[PDB]
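Structure file input.cif (mmCIF, C-alpha atoms) follows.
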data_upload
loop_
_atom_site.group_PDB
_atom_site.id
_atom_site.type_symbol
_atom_site.label_atom_id
_atom_site.label_comp_id
_atom_site.auth_asym_id
_atom_site.auth_seq_id
_atom_site.Cartn_x
_atom_site.Cartn_y
_atom_site.Cartn_z
ATOM 1 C CA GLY N 1 3.912 5.204 20.386
ATOM 2 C CA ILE N 2 2.400 6.208 17.065
ATOM 3 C CA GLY N 3 5.131 4.953 14.765
ATOM 4 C CA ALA N 4 5.568 1.209 15.106
ATOM 5 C CA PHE N 5 1.901 0.657 15.859
ATOM 6 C CA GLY N 6 1.168 3.187 13.140
ATOM 7 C CA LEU N 7 3.090 1.201 10.552
ATOM 8 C CA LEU N 8 0.251 -1.282 10.870
ATOM 9 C CA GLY N 9 -1.818 1.150 8.836
ATOM 10 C CA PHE N 10 0.613 3.772 7.593
ATOM 11 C CA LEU N 11 0.243 3.011 3.904
ATOM 12 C CA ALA N 12 -3.481 2.453 4.275
ATOM 13 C CA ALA N 13 -3.545 5.894 5.848
ATOM 14 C CA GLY N 14 -2.158 7.417 2.673
ATOM 15 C CA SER N 15 -5.317 6.192 0.988
ATOM 16 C CA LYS N 16 -7.572 7.216 3.851
ATOM 17 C CA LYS N 17 -6.302 10.716 3.172
ATOM 18 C CA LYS N 19 -4.021 9.153 -6.401
ATOM 19 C CA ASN N 20 -1.807 8.211 -9.323
ATOM 20 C CA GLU N 21 -2.613 4.842 -10.849
ATOM 21 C CA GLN N 22 0.979 3.810 -10.252
ATOM 22 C CA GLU N 23 -0.036 3.124 -6.670
ATOM 23 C CA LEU N 24 -2.888 0.940 -7.863
ATOM 24 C CA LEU N 25 -0.567 -1.195 -9.954
ATOM 25 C CA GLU N 26 1.698 -1.165 -6.920
ATOM 26 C CA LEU N 27 -0.893 -3.009 -4.868
ATOM 27 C CA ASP N 28 -1.976 -4.959 -7.925
ATOM 28 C CA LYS N 29 1.441 -6.567 -7.661
ATOM 29 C CA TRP N 30 0.139 -8.108 -4.459
ATOM 30 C CA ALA N 31 -0.053 -11.388 -6.336
ATOM 31 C CA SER N 32 3.239 -10.711 -8.076
ATOM 32 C CA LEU N 33 4.581 -10.901 -4.541
ATOM 33 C CA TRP N 34 4.010 -14.631 -4.245
ATOM 34 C CA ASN N 35 2.584 -15.435 -7.657
#
The structure in this file should be written as structure tokens.
Amino acid sequence: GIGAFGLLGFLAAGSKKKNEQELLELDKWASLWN
């Protein structure tokens, strides 16, 4: 309903609505594959 289809932009929502930790969290994007 609004859970599975919401997971498509759940995290992004958190931003749509702080700490740098999160930034570095996404900064690891590369670290993912790297």
Original post:
Can you tell me how far atom CA of residue 10 of chain N sits from atom CA of residue 26 of chain N, in Å to one decimal?
Top reply: 15.4 Å
Subject >> Separation of atom CA of residue 27 of chain N from atom CA of residue 8 of chain N, in Å and rounded to one decimal >> reply: 15.9 Å
**OP:** For atom CA of residue 17 of chain N and atom CA of residue 1 of chain N, determine how far apart the two atoms are, in Å to one decimal place.
**Re:** 20.8 Å
